[PDB]
>>> print(open('target_33.cif').read())   # mmCIF, C-alpha atoms and all ligand atoms
data_model
#
loop_
_atom_site.group_PDB
_atom_site.id
_atom_site.type_symbol
_atom_site.label_atom_id
_atom_site.label_comp_id
_atom_site.auth_asym_id
_atom_site.auth_seq_id
_atom_site.Cartn_x
_atom_site.Cartn_y
_atom_site.Cartn_z
ATOM 1 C CA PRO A 1 14.653 -19.768 -31.638
ATOM 2 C CA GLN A 2 11.233 -20.844 -32.987
ATOM 3 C CA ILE A 3 9.592 -23.468 -30.702
ATOM 4 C CA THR A 4 6.672 -25.638 -31.888
ATOM 5 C CA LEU A 5 4.152 -27.055 -29.369
ATOM 6 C CA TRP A 6 4.200 -30.796 -30.109
ATOM 7 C CA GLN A 7 6.141 -31.100 -26.795
ATOM 8 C CA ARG A 8 6.108 -28.880 -23.727
ATOM 9 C CA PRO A 9 8.137 -25.726 -24.551
ATOM 10 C CA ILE A 10 10.878 -26.244 -21.963
ATOM 11 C CA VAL A 11 14.076 -24.179 -21.997
ATOM 12 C CA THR A 12 17.150 -23.846 -19.825
ATOM 13 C CA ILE A 13 17.374 -20.862 -17.461
ATOM 14 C CA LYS A 14 20.040 -19.558 -15.096
ATOM 15 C CA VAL A 15 18.770 -17.737 -12.003
ATOM 16 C CA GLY A 16 20.376 -17.167 -8.587
ATOM 17 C CA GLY A 17 23.607 -18.781 -9.894
ATOM 18 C CA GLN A 18 21.664 -22.041 -10.536
ATOM 19 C CA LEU A 19 20.563 -23.925 -13.632
ATOM 20 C CA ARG A 20 16.985 -25.073 -14.117
ATOM 21 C CA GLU A 21 14.513 -26.089 -16.818
ATOM 22 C CA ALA A 22 11.317 -24.039 -17.139
ATOM 23 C CA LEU A 23 8.220 -23.920 -19.303
ATOM 24 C CA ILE A 24 7.658 -20.922 -21.678
ATOM 25 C CA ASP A 25 4.128 -20.260 -20.393
ATOM 26 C CA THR A 26 2.040 -17.595 -22.226
ATOM 27 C CA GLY A 27 -0.825 -18.324 -19.784
ATOM 28 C CA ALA A 28 1.293 -17.145 -16.847
ATOM 29 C CA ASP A 29 1.382 -13.437 -16.063
ATOM 30 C CA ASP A 30 4.245 -13.985 -13.590
ATOM 31 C CA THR A 31 7.328 -16.203 -13.383
ATOM 32 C CA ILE A 32 7.030 -18.955 -10.720
ATOM 33 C CA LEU A 33 9.825 -21.323 -9.716
ATOM 34 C CA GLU A 34 9.851 -24.393 -7.456
ATOM 35 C CA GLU A 35 11.817 -24.018 -4.223
ATOM 36 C CA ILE A 36 15.144 -22.395 -5.131
ATOM 37 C CA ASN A 37 17.564 -20.477 -2.899
ATOM 38 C CA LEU A 38 17.546 -16.759 -4.014
ATOM 39 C CA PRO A 39 19.376 -13.953 -2.191
ATOM 40 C CA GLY A 40 17.889 -11.011 -0.312
ATOM 41 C CA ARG A 41 14.564 -9.641 0.872
ATOM 42 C CA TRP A 42 11.211 -11.101 -0.211
ATOM 43 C CA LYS A 43 7.480 -10.514 0.469
ATOM 44 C CA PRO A 44 4.917 -13.312 1.077
ATOM 45 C CA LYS A 45 2.177 -13.411 -1.612
ATOM 46 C CA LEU A 46 -0.852 -15.718 -2.241
ATOM 47 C CA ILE A 47 -1.327 -16.540 -5.997
ATOM 48 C CA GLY A 48 -4.198 -18.425 -7.727
ATOM 49 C CA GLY A 49 -4.303 -21.012 -10.488
ATOM 50 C CA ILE A 50 -6.185 -24.153 -11.452
ATOM 51 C CA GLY A 51 -6.860 -25.961 -8.196
ATOM 52 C CA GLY A 52 -6.664 -22.998 -5.794
ATOM 53 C CA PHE A 53 -3.864 -20.886 -4.438
ATOM 54 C CA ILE A 54 -0.326 -21.166 -3.119
ATOM 55 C CA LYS A 55 1.831 -19.054 -0.859
ATOM 56 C CA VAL A 56 4.970 -17.818 -2.650
ATOM 57 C CA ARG A 57 7.995 -15.665 -1.783
ATOM 58 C CA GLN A 58 8.142 -12.636 -4.131
ATOM 59 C CA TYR A 59 11.708 -11.507 -5.102
ATOM 60 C CA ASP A 60 12.043 -8.362 -7.189
ATOM 61 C CA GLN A 61 14.728 -7.286 -9.726
ATOM 62 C CA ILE A 62 16.121 -10.852 -10.097
ATOM 63 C CA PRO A 63 18.367 -11.349 -13.172
ATOM 64 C CA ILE A 64 17.570 -14.444 -15.228
ATOM 65 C CA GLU A 65 19.076 -15.909 -18.409
ATOM 66 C CA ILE A 66 16.327 -17.593 -20.506
ATOM 67 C CA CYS A 67 17.672 -19.756 -23.376
ATOM 68 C CA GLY A 68 20.692 -17.334 -23.637
ATOM 69 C CA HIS A 69 18.623 -14.067 -23.406
ATOM 70 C CA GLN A 70 19.040 -11.665 -20.401
ATOM 71 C CA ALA A 71 16.046 -10.369 -18.391
ATOM 72 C CA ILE A 72 15.484 -8.905 -14.916
ATOM 73 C CA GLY A 73 12.256 -8.933 -12.956
ATOM 74 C CA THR A 74 10.017 -10.417 -10.318
ATOM 75 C CA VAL A 75 10.367 -14.168 -9.582
ATOM 76 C CA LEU A 76 7.879 -15.929 -7.265
ATOM 77 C CA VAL A 77 9.177 -18.995 -5.413
ATOM 78 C CA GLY A 78 6.850 -21.608 -4.004
ATOM 79 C CA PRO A 79 5.173 -24.985 -4.369
ATOM 80 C CA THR A 80 4.367 -24.757 -8.084
ATOM 81 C CA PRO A 81 4.269 -28.212 -9.766
ATOM 82 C CA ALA A 82 6.282 -26.713 -12.724
ATOM 83 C CA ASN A 83 8.817 -23.925 -13.193
ATOM 84 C CA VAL A 84 7.072 -21.385 -15.459
ATOM 85 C CA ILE A 85 8.480 -18.360 -17.302
ATOM 86 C CA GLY A 86 5.613 -15.845 -17.539
ATOM 87 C CA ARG A 87 4.876 -12.779 -19.593
ATOM 88 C CA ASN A 88 6.764 -10.408 -17.210
ATOM 89 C CA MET A 89 9.974 -12.070 -18.468
ATOM 90 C CA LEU A 90 8.855 -13.245 -21.963
ATOM 91 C CA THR A 91 8.156 -9.649 -23.086
ATOM 92 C CA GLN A 92 11.843 -8.755 -22.275
ATOM 93 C CA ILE A 93 13.261 -11.517 -24.550
ATOM 94 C CA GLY A 94 10.905 -10.576 -27.471
ATOM 95 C CA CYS A 95 8.816 -13.807 -27.288
ATOM 96 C CA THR A 96 5.759 -13.850 -29.555
ATOM 97 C CA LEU A 97 3.031 -16.290 -30.558
ATOM 98 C CA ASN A 98 2.512 -16.881 -34.283
ATOM 99 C CA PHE A 99 -0.146 -18.754 -36.308
ATOM 100 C CA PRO B 1 -1.693 -13.471 -36.550
ATOM 101 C CA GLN B 2 1.426 -12.624 -34.493
ATOM 102 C CA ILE B 3 0.530 -11.935 -30.816
ATOM 103 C CA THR B 4 2.947 -10.147 -28.447
ATOM 104 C CA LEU B 5 2.786 -10.774 -24.668
ATOM 105 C CA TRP B 6 2.438 -7.261 -23.223
ATOM 106 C CA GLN B 7 -1.214 -8.262 -22.516
ATOM 107 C CA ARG B 8 -2.743 -11.673 -21.911
ATOM 108 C CA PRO B 9 -2.979 -13.460 -25.301
ATOM 109 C CA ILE B 10 -6.772 -13.744 -25.419
ATOM 110 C CA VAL B 11 -8.604 -14.768 -28.594
ATOM 111 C CA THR B 12 -12.178 -15.482 -29.591
ATOM 112 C CA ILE B 13 -13.262 -19.122 -29.934
ATOM 113 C CA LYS B 14 -16.463 -20.833 -31.042
ATOM 114 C CA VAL B 15 -17.206 -24.189 -29.405
ATOM 115 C CA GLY B 16 -20.497 -26.043 -28.860
ATOM 116 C CA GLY B 17 -22.300 -23.342 -30.909
ATOM 117 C CA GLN B 18 -21.179 -20.708 -28.335
ATOM 118 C CA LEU B 19 -18.744 -17.807 -28.374
ATOM 119 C CA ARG B 20 -16.099 -17.371 -25.696
ATOM 120 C CA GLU B 21 -12.754 -15.689 -25.047
ATOM 121 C CA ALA B 22 -9.806 -17.928 -24.144
ATOM 122 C CA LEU B 23 -6.124 -17.600 -23.356
ATOM 123 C CA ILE B 24 -3.505 -19.030 -25.814
ATOM 124 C CA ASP B 25 -1.677 -20.989 -23.100
ATOM 125 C CA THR B 26 1.608 -22.742 -24.079
ATOM 126 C CA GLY B 27 1.894 -23.979 -20.461
ATOM 127 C CA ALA B 28 -1.318 -25.992 -20.827
ATOM 128 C CA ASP B 29 -1.104 -29.470 -22.322
ATOM 129 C CA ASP B 30 -4.916 -29.644 -22.567
ATOM 130 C CA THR B 31 -7.744 -27.232 -23.374
ATOM 131 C CA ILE B 32 -9.882 -26.337 -20.311
ATOM 132 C CA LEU B 33 -13.062 -24.263 -20.409
ATOM 133 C CA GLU B 34 -15.235 -22.830 -17.624
ATOM 134 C CA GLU B 35 -18.706 -24.352 -17.320
ATOM 135 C CA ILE B 36 -20.147 -24.538 -20.844
ATOM 136 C CA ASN B 37 -22.951 -26.748 -22.174
ATOM 137 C CA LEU B 38 -21.402 -29.299 -24.656
ATOM 138 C CA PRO B 39 -23.321 -32.173 -26.271
ATOM 139 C CA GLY B 40 -22.864 -35.900 -25.728
ATOM 140 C CA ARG B 41 -20.965 -38.357 -23.562
ATOM 141 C CA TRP B 42 -18.153 -37.309 -21.208
ATOM 142 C CA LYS B 43 -15.797 -38.944 -18.658
ATOM 143 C CA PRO B 44 -14.958 -37.460 -15.214
ATOM 144 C CA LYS B 45 -11.232 -36.610 -14.843
ATOM 145 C CA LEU B 46 -9.134 -35.013 -12.025
ATOM 146 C CA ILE B 47 -6.485 -32.533 -13.380
ATOM 147 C CA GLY B 48 -3.682 -30.700 -11.489
ATOM 148 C CA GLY B 49 -2.335 -27.167 -11.646
ATOM 149 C CA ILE B 50 -1.019 -24.457 -9.352
ATOM 150 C CA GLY B 51 -3.076 -24.732 -6.187
ATOM 151 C CA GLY B 52 -4.171 -28.379 -6.479
ATOM 152 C CA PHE B 53 -6.626 -30.229 -8.643
ATOM 153 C CA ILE B 54 -10.101 -29.901 -10.112
ATOM 154 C CA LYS B 55 -12.693 -32.344 -11.351
ATOM 155 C CA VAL B 56 -13.498 -31.801 -15.044
ATOM 156 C CA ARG B 57 -15.782 -33.389 -17.651
ATOM 157 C CA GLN B 58 -13.684 -34.707 -20.578
ATOM 158 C CA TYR B 59 -15.362 -34.396 -24.046
ATOM 159 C CA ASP B 60 -13.546 -35.902 -27.011
ATOM 160 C CA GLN B 61 -13.565 -34.946 -30.738
ATOM 161 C CA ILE B 62 -15.086 -31.478 -30.067
ATOM 162 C CA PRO B 63 -14.772 -29.029 -33.009
ATOM 163 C CA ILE B 64 -13.503 -25.574 -32.061
ATOM 164 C CA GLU B 65 -12.795 -22.421 -34.083
ATOM 165 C CA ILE B 66 -9.794 -20.545 -32.578
ATOM 166 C CA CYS B 67 -9.325 -16.999 -33.970
ATOM 167 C CA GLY B 68 -10.803 -18.245 -37.334
ATOM 168 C CA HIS B 69 -8.768 -21.539 -37.485
ATOM 169 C CA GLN B 70 -10.541 -24.974 -37.305
ATOM 170 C CA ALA B 71 -9.442 -27.714 -34.863
ATOM 171 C CA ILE B 72 -11.023 -30.812 -33.302
ATOM 172 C CA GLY B 73 -10.006 -32.470 -30.064
ATOM 173 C CA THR B 74 -10.461 -33.040 -26.371
ATOM 174 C CA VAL B 75 -12.005 -30.199 -24.303
ATOM 175 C CA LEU B 76 -12.128 -30.428 -20.482
ATOM 176 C CA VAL B 77 -14.944 -28.520 -18.767
ATOM 177 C CA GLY B 78 -14.765 -27.544 -15.128
ATOM 178 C CA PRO B 79 -14.044 -24.895 -12.517
ATOM 179 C CA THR B 80 -10.959 -23.385 -14.160
ATOM 180 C CA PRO B 81 -10.516 -19.668 -13.286
ATOM 181 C CA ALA B 82 -9.684 -18.998 -17.015
ATOM 182 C CA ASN B 83 -10.596 -20.549 -20.358
ATOM 183 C CA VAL B 84 -7.298 -21.906 -21.742
ATOM 184 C CA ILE B 85 -6.441 -23.204 -25.222
ATOM 185 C CA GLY B 86 -3.685 -25.803 -24.725
ATOM 186 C CA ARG B 87 -1.138 -27.489 -26.924
ATOM 187 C CA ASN B 88 -3.563 -30.269 -28.047
ATOM 188 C CA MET B 89 -5.393 -27.556 -30.030
ATOM 189 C CA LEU B 90 -2.528 -25.051 -30.636
ATOM 190 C CA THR B 91 -0.512 -27.642 -32.611
ATOM 191 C CA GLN B 92 -3.505 -28.007 -35.051
ATOM 192 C CA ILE B 93 -3.612 -24.245 -35.858
ATOM 193 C CA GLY B 94 0.216 -24.064 -36.395
ATOM 194 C CA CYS B 95 0.902 -21.903 -33.281
ATOM 195 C CA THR B 96 4.589 -21.380 -32.494
ATOM 196 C CA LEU B 97 6.689 -19.419 -30.016
ATOM 197 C CA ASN B 98 9.399 -17.157 -31.440
ATOM 198 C CA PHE B 99 12.246 -15.139 -29.861
HETATM 199 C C1 LIG A 101 -4.052 -21.798 -15.549
HETATM 200 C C2 LIG A 101 -3.415 -20.539 -16.144
HETATM 201 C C3 LIG A 101 -4.537 -19.527 -16.315
HETATM 202 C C4 LIG A 101 -2.347 -19.972 -15.233
HETATM 203 N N1 LIG A 101 -1.268 -20.961 -14.987
HETATM 204 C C5 LIG A 101 -0.308 -21.066 -16.107
HETATM 205 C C6 LIG A 101 -0.614 -22.350 -16.850
HETATM 206 O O1 LIG A 101 0.167 -22.362 -18.064
HETATM 207 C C7 LIG A 101 -0.280 -23.564 -15.993
HETATM 208 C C8 LIG A 101 1.266 -23.787 -15.761
HETATM 209 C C9 LIG A 101 1.424 -25.054 -15.044
HETATM 210 C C10 LIG A 101 1.896 -26.171 -15.738
HETATM 211 C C11 LIG A 101 2.029 -27.415 -15.077
HETATM 212 C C12 LIG A 101 1.636 -27.611 -13.766
HETATM 213 C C13 LIG A 101 1.161 -26.490 -13.121
HETATM 214 F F1 LIG A 101 0.787 -26.669 -11.827
HETATM 215 C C14 LIG A 101 1.052 -25.220 -13.707
HETATM 216 N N2 LIG A 101 -0.822 -24.773 -16.654
HETATM 217 C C15 LIG A 101 -1.663 -25.633 -16.089
HETATM 218 O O2 LIG A 101 -2.195 -25.429 -15.001
HETATM 219 O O3 LIG A 101 -1.895 -26.783 -16.779
HETATM 220 C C16 LIG A 101 -2.566 -27.880 -16.158
HETATM 221 C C17 LIG A 101 -3.839 -28.272 -16.910
HETATM 222 C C18 LIG A 101 -3.705 -28.033 -18.452
HETATM 223 O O4 LIG A 101 -3.440 -29.302 -19.059
HETATM 224 C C19 LIG A 101 -2.369 -30.087 -18.392
HETATM 225 O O5 LIG A 101 -1.160 -29.300 -18.579
HETATM 226 C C20 LIG A 101 -0.600 -29.062 -17.269
HETATM 227 C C21 LIG A 101 -1.701 -29.138 -16.246
HETATM 228 C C22 LIG A 101 -2.623 -30.227 -16.843
HETATM 229 C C23 LIG A 101 -3.973 -29.761 -16.512
HETATM 230 S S1 LIG A 101 -0.590 -20.895 -13.449
HETATM 231 O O6 LIG A 101 0.526 -21.883 -13.385
HETATM 232 O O7 LIG A 101 -1.807 -21.131 -12.630
HETATM 233 C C24 LIG A 101 -0.064 -19.329 -13.127
HETATM 234 C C25 LIG A 101 1.232 -18.956 -13.475
HETATM 235 C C26 LIG A 101 1.612 -17.650 -13.267
HETATM 236 C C27 LIG A 101 0.775 -16.734 -12.743
HETATM 237 N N3 LIG A 101 1.106 -15.440 -12.515
HETATM 238 C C28 LIG A 101 0.085 -14.745 -11.967
HETATM 239 N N4 LIG A 101 0.164 -13.436 -11.665
HETATM 240 C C29 LIG A 101 -0.970 -12.663 -11.075
HETATM 241 C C30 LIG A 101 -2.313 -12.490 -11.746
HETATM 242 C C31 LIG A 101 -1.323 -11.468 -11.930
HETATM 243 S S2 LIG A 101 -1.255 -15.700 -11.715
HETATM 244 C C32 LIG A 101 -0.495 -17.107 -12.404
HETATM 245 C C33 LIG A 101 -0.937 -18.365 -12.564
#
>>> encode(input="target_33.cif", output="structure tokens")
Amino acid sequence: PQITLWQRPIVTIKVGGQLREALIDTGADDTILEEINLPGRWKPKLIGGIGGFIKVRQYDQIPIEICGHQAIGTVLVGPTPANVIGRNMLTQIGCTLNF
Amino acid sequence: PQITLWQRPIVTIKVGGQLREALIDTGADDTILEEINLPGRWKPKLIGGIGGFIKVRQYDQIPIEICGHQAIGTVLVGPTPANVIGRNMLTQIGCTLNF
């Protein structure tokens, strides 16, 4: 679809067999999700944003469905205040900015 | 223009008579700039992101030129790690997401 920005650009995702809402976030390089149970091995990572940093679990090669489009890539799980779909996944679904 | 997301979506802005680069950030409700000298009255505000919060100065009705498009609105100034153009300004320049 086309999404205007009068409201937060929130879409439905499926990841790890679970349904969630997440923000289409062009200011995010990576995809970060609030605590969610994902299978398999992970690596601890510190990531920075406004306010400081958080510790996340990094999962690689995780399939995700983003508003009905299929992608696979790295998902970071940790105490983010919002689920954010970043550019690592947005590039796979052909998401662009236009003005 | 159309902007793809293989790189950070950084554009040139003019604000307060000064030139800066800033991220087109659909995950930002507000526009937040690193320390920059803006004229006039401001109100202290605490804002939250990944990692916690920051104290910012809120300036209202600030004109900004964003990649050659004119907008006016609230700009928050504080210790953000990145200059971000949020939805309060993006809606004025007709910025949309497409996939
Ligand atoms: C700040 C930008 C620069 C980065 N962030 C993406 C922004 O869109 C976040 C999303 C957000 C929204 C809501 C609450 C939040 F806690 C966070 N918006 C945001 O903080 O908004 C703030 C601010 C703007 O106005 C209002 O609107 C929401 C809230 C409030 C005040 S990020 O989440 O820190 C992030 C994400 C992925 C990522 N991947 C990385 N990979 C390594 C380097 C390679 S680093 C990295 C850093």
>>> resolve_selection(input="target_33.cif", expression="the PyMOL selection byres ((chain B) within 9 of (chain A and not hetatm))", output="JSON, numbers by chain")
{"B": [1, 2, 3, 4, 5, 6, 7, 8, 9, 23, 24, 25, 26, 27, 28, 29, 47, 48, 49, 50, 51, 52, 53, 54, 79, 80, 81, 82, 84, 87, 88, 90, 91, 93, 94, 95, 96, 97, 98, 99]}
>>> calpha_fit_and_write(input="target_33.cif", fixed="chain A", moving="chain B", output="PDB file with C-alpha atoms, keeping the file's coordinate frame")
ATOM      1  CA  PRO B   1      14.653 -19.768 -31.637  1.00  0.00           C
ATOM      2  CA  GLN B   2      11.233 -20.844 -32.987  1.00  0.00           C
ATOM      3  CA  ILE B   3       9.592 -23.467 -30.702  1.00  0.00           C
ATOM      4  CA  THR B   4       6.672 -25.639 -31.888  1.00  0.00           C
ATOM      5  CA  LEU B   5       4.152 -27.055 -29.369  1.00  0.00           C
ATOM      6  CA  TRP B   6       4.200 -30.797 -30.109  1.00  0.00           C
ATOM      7  CA  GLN B   7       6.141 -31.100 -26.795  1.00  0.00           C
ATOM      8  CA  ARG B   8       6.107 -28.880 -23.728  1.00  0.00           C
ATOM      9  CA  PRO B   9       8.136 -25.727 -24.551  1.00  0.00           C
ATOM     10  CA  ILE B  10      10.878 -26.244 -21.963  1.00  0.00           C
ATOM     11  CA  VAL B  11      14.076 -24.179 -21.996  1.00  0.00           C
ATOM     12  CA  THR B  12      17.150 -23.846 -19.825  1.00  0.00           C
ATOM     13  CA  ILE B  13      17.374 -20.861 -17.462  1.00  0.00           C
ATOM     14  CA  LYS B  14      20.040 -19.559 -15.096  1.00  0.00           C
ATOM     15  CA  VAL B  15      18.770 -17.737 -12.003  1.00  0.00           C
ATOM     16  CA  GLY B  16      20.376 -17.167  -8.588  1.00  0.00           C
ATOM     17  CA  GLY B  17      23.607 -18.780  -9.894  1.00  0.00           C
ATOM     18  CA  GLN B  18      21.664 -22.041 -10.536  1.00  0.00           C
ATOM     19  CA  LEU B  19      20.563 -23.925 -13.632  1.00  0.00           C
ATOM     20  CA  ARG B  20      16.984 -25.072 -14.117  1.00  0.00           C
ATOM     21  CA  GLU B  21      14.513 -26.089 -16.818  1.00  0.00           C
ATOM     22  CA  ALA B  22      11.317 -24.039 -17.138  1.00  0.00           C
ATOM     23  CA  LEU B  23       8.220 -23.920 -19.303  1.00  0.00           C
ATOM     24  CA  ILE B  24       7.658 -20.922 -21.678  1.00  0.00           C
ATOM     25  CA  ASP B  25       4.129 -20.260 -20.394  1.00  0.00           C
ATOM     26  CA  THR B  26       2.040 -17.595 -22.226  1.00  0.00           C
ATOM     27  CA  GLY B  27      -0.825 -18.324 -19.784  1.00  0.00           C
ATOM     28  CA  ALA B  28       1.293 -17.145 -16.847  1.00  0.00           C
ATOM     29  CA  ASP B  29       1.382 -13.436 -16.063  1.00  0.00           C
ATOM     30  CA  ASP B  30       4.245 -13.985 -13.589  1.00  0.00           C
ATOM     31  CA  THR B  31       7.329 -16.203 -13.383  1.00  0.00           C
ATOM     32  CA  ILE B  32       7.030 -18.955 -10.720  1.00  0.00           C
ATOM     33  CA  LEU B  33       9.825 -21.323  -9.716  1.00  0.00           C
ATOM     34  CA  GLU B  34       9.851 -24.393  -7.456  1.00  0.00           C
ATOM     35  CA  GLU B  35      11.817 -24.018  -4.223  1.00  0.00           C
ATOM     36  CA  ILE B  36      15.144 -22.394  -5.131  1.00  0.00           C
ATOM     37  CA  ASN B  37      17.564 -20.477  -2.899  1.00  0.00           C
ATOM     38  CA  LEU B  38      17.546 -16.759  -4.015  1.00  0.00           C
ATOM     39  CA  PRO B  39      19.376 -13.952  -2.191  1.00  0.00           C
ATOM     40  CA  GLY B  40      17.888 -11.011  -0.313  1.00  0.00           C
ATOM     41  CA  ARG B  41      14.564  -9.641   0.872  1.00  0.00           C
ATOM     42  CA  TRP B  42      11.211 -11.101  -0.211  1.00  0.00           C
ATOM     43  CA  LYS B  43       7.480 -10.514   0.469  1.00  0.00           C
ATOM     44  CA  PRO B  44       4.917 -13.312   1.077  1.00  0.00           C
ATOM     45  CA  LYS B  45       2.177 -13.411  -1.612  1.00  0.00           C
ATOM     46  CA  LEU B  46      -0.852 -15.718  -2.242  1.00  0.00           C
ATOM     47  CA  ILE B  47      -1.326 -16.540  -5.997  1.00  0.00           C
ATOM     48  CA  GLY B  48      -4.198 -18.425  -7.727  1.00  0.00           C
ATOM     49  CA  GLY B  49      -4.303 -21.012 -10.487  1.00  0.00           C
ATOM     50  CA  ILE B  50      -6.185 -24.153 -11.452  1.00  0.00           C
ATOM     51  CA  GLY B  51      -6.860 -25.961  -8.197  1.00  0.00           C
ATOM     52  CA  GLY B  52      -6.663 -22.998  -5.795  1.00  0.00           C
ATOM     53  CA  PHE B  53      -3.865 -20.886  -4.438  1.00  0.00           C
ATOM     54  CA  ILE B  54      -0.326 -21.166  -3.119  1.00  0.00           C
ATOM     55  CA  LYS B  55       1.832 -19.054  -0.859  1.00  0.00           C
ATOM     56  CA  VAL B  56       4.970 -17.818  -2.649  1.00  0.00           C
ATOM     57  CA  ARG B  57       7.995 -15.665  -1.784  1.00  0.00           C
ATOM     58  CA  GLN B  58       8.142 -12.636  -4.131  1.00  0.00           C
ATOM     59  CA  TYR B  59      11.709 -11.507  -5.102  1.00  0.00           C
ATOM     60  CA  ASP B  60      12.043  -8.362  -7.189  1.00  0.00           C
ATOM     61  CA  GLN B  61      14.727  -7.286  -9.726  1.00  0.00           C
ATOM     62  CA  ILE B  62      16.120 -10.852 -10.097  1.00  0.00           C
ATOM     63  CA  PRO B  63      18.367 -11.349 -13.172  1.00  0.00           C
ATOM     64  CA  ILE B  64      17.570 -14.444 -15.228  1.00  0.00           C
ATOM     65  CA  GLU B  65      19.076 -15.909 -18.409  1.00  0.00           C
ATOM     66  CA  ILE B  66      16.327 -17.593 -20.506  1.00  0.00           C
ATOM     67  CA  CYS B  67      17.672 -19.756 -23.377  1.00  0.00           C
ATOM     68  CA  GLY B  68      20.692 -17.335 -23.637  1.00  0.00           C
ATOM     69  CA  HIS B  69      18.623 -14.067 -23.406  1.00  0.00           C
ATOM     70  CA  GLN B  70      19.040 -11.665 -20.400  1.00  0.00           C
ATOM     71  CA  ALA B  71      16.047 -10.369 -18.390  1.00  0.00           C
ATOM     72  CA  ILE B  72      15.485  -8.905 -14.916  1.00  0.00           C
ATOM     73  CA  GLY B  73      12.256  -8.933 -12.956  1.00  0.00           C
ATOM     74  CA  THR B  74      10.017 -10.417 -10.318  1.00  0.00           C
ATOM     75  CA  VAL B  75      10.368 -14.167  -9.582  1.00  0.00           C
ATOM     76  CA  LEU B  76       7.879 -15.929  -7.265  1.00  0.00           C
ATOM     77  CA  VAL B  77       9.177 -18.995  -5.413  1.00  0.00           C
ATOM     78  CA  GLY B  78       6.850 -21.608  -4.005  1.00  0.00           C
ATOM     79  CA  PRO B  79       5.173 -24.986  -4.369  1.00  0.00           C
ATOM     80  CA  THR B  80       4.368 -24.758  -8.084  1.00  0.00           C
ATOM     81  CA  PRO B  81       4.269 -28.212  -9.767  1.00  0.00           C
ATOM     82  CA  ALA B  82       6.282 -26.713 -12.724  1.00  0.00           C
ATOM     83  CA  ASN B  83       8.817 -23.926 -13.193  1.00  0.00           C
ATOM     84  CA  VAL B  84       7.072 -21.385 -15.459  1.00  0.00           C
ATOM     85  CA  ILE B  85       8.480 -18.360 -17.302  1.00  0.00           C
ATOM     86  CA  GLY B  86       5.613 -15.845 -17.539  1.00  0.00           C
ATOM     87  CA  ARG B  87       4.876 -12.779 -19.593  1.00  0.00           C
ATOM     88  CA  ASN B  88       6.765 -10.408 -17.210  1.00  0.00           C
ATOM     89  CA  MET B  89       9.974 -12.070 -18.468  1.00  0.00           C
ATOM     90  CA  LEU B  90       8.854 -13.245 -21.963  1.00  0.00           C
ATOM     91  CA  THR B  91       8.157  -9.649 -23.086  1.00  0.00           C
ATOM     92  CA  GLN B  92      11.843  -8.755 -22.275  1.00  0.00           C
ATOM     93  CA  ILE B  93      13.261 -11.517 -24.549  1.00  0.00           C
ATOM     94  CA  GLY B  94      10.905 -10.576 -27.471  1.00  0.00           C
ATOM     95  CA  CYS B  95       8.816 -13.807 -27.288  1.00  0.00           C
ATOM     96  CA  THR B  96       5.758 -13.850 -29.554  1.00  0.00           C
ATOM     97  CA  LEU B  97       3.031 -16.289 -30.558  1.00  0.00           C
ATOM     98  CA  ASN B  98       2.512 -16.881 -34.282  1.00  0.00           C
ATOM     99  CA  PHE B  99      -0.145 -18.754 -36.308  1.00  0.00           C
TER     100      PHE B  99
END
>>> residues_near_point(input="target_33.cif", point="(-12.0, -38.4, -21.1)", cutoff="10 Å", atoms="only C-alpha atoms", output="VMD selection string")
chain B and resid 41 to 45 56 to 60 74 to 76
>>> write_last_selection(input="target_33.cif", atoms="C-alpha atoms", output="compact mmCIF listing (two decimals), in the coordinates of the input")
# COMPACT_ATOMS: atom_id res chain seq x y z
CA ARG B 41 -20.96 -38.36 -23.56
CA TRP B 42 -18.15 -37.31 -21.21
CA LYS B 43 -15.80 -38.94 -18.66
CA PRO B 44 -14.96 -37.46 -15.21
CA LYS B 45 -11.23 -36.61 -14.84
CA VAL B 56 -13.50 -31.80 -15.04
CA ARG B 57 -15.78 -33.39 -17.65
CA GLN B 58 -13.68 -34.71 -20.58
CA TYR B 59 -15.36 -34.40 -24.05
CA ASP B 60 -13.55 -35.90 -27.01
CA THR B 74 -10.46 -33.04 -26.37
CA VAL B 75 -12.00 -30.20 -24.30
CA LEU B 76 -12.13 -30.43 -20.48
>>> atom_distance(input="target_33.cif", atom1="CA of residue 64 (chain B)", atom2="CA of residue 11 (chain A)")
29.4 Å
>>> closest_residue(input="target_33.cif", among="A:66, A:46, A:38, A:15", to="ligand LIG 101 (chain A)", atoms="only C-alpha atoms and all ligand atoms")
A:46
